[PDB]
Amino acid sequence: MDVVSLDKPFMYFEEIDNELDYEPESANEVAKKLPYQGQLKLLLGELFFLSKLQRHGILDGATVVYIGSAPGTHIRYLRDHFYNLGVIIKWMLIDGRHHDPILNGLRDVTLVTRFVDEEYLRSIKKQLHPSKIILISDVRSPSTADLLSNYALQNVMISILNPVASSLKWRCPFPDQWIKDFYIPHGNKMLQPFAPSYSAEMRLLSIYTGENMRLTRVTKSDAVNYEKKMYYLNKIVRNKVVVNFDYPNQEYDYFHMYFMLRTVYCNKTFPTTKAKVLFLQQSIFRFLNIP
């Protein structure tokens, strides 16, 4: 067994303290071990992101605009969690595909069937006005050309929507398929528990202060760095069984999940963090139908 003892898990990209040459043979390995793992991945990251905003007092009274929301099964759990905590949020889910019907019938959530373009963003900005906007993007066209297009749209989402905070899908193009340098919004590179086995995708979390927008250039050398750090994280780290982690499951991804879940707010009071986390995890797994 691949056992180890860790203090904490890598929560952000910059914390990864080692690298590995990417082995293309890893692409043939099992990418997922849990049913509905994709919904789990998104639910944990978005709970984490939204709990942070609550902590900064910018969540209550906002309209969350989620683009690339369908099917969005896990979004029902999110909505329920904050609704039950008494936070007042309006949800606007926009995607050209259809949403899971469990999202229907809620006055606080509006489902829109439309693929957004710059023009449409403008009309929704005019219509949402003057509410504060929290943007969540999970759009997917992929080729490096596809990604760049996606990233360009995401930056236009921020410039037109002018949100108070954003969570953007972020996966750096592979160095061997570079096309050109580009800019992405400055934010924290949140790592994701339960991401596919060899995924290099993370989540860019930004909070907008003032009327300023800070971007950061991404170069091929950066792409080489993303590749090696994420490959090290995926091949070595995530395959560890944290033995000093006294929890029903000691696999790295659960150890990492624990640290995200400990930051979530609850109504029920618990005697220990461990109790709250186990509660939240059980709750999450039952909702998503994960044994």
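Take the two forms, superpose them, and find the largest set of C-alpha atoms that agree within 1.5 Å; that set is the rigid core. We number the residues from 1 along the sequence you see.
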_Greater root mean square CA deviation, 131 to 139 compared with 208 to 216 in 4 other deposited structures of this protein, core aligned_ = 208 to 216
_Size class of the missing deposited segment between residue 141 and residue 142_ = 4 to 9
_Segment of higher mean CA temperature factor, 73 to 81 or 148 to 156_ = 148 to 156
*95 to 103 versus 120 to 128: which one carries the higher mean Cα B factor per the record?*
120 to 128
*Considering only 262, 238, 256, 32, which residue's Cα atom bears the greatest B-factor as recorded?*
32
*asked:* Checking the record values for 26, 51, 225, 63, which has the greatest CA B factor?
replied: 26
*Check where residue 175 lands among this chain's C-alpha B-factors and tell me if it's the lowest, middle or highest third.*
highest
*asked:* Could you place residue 161 in the lowest, middle or highest third of its chain by Cα temperature factor, using the values in the record?
replied: middle
*Among all modelled residues of this chain, ranked by Cα B factor, put residue 272 in the bottom, middle or top third, i.e. lowest, middle or highest.*
highest
*Would you mind ranking residue 113 by its C-alpha B-factor against the rest of the chain and naming the third, lowest, middle or highest?*
middle
_Chain-relative CA temperature factor third for residue 215_ = highest
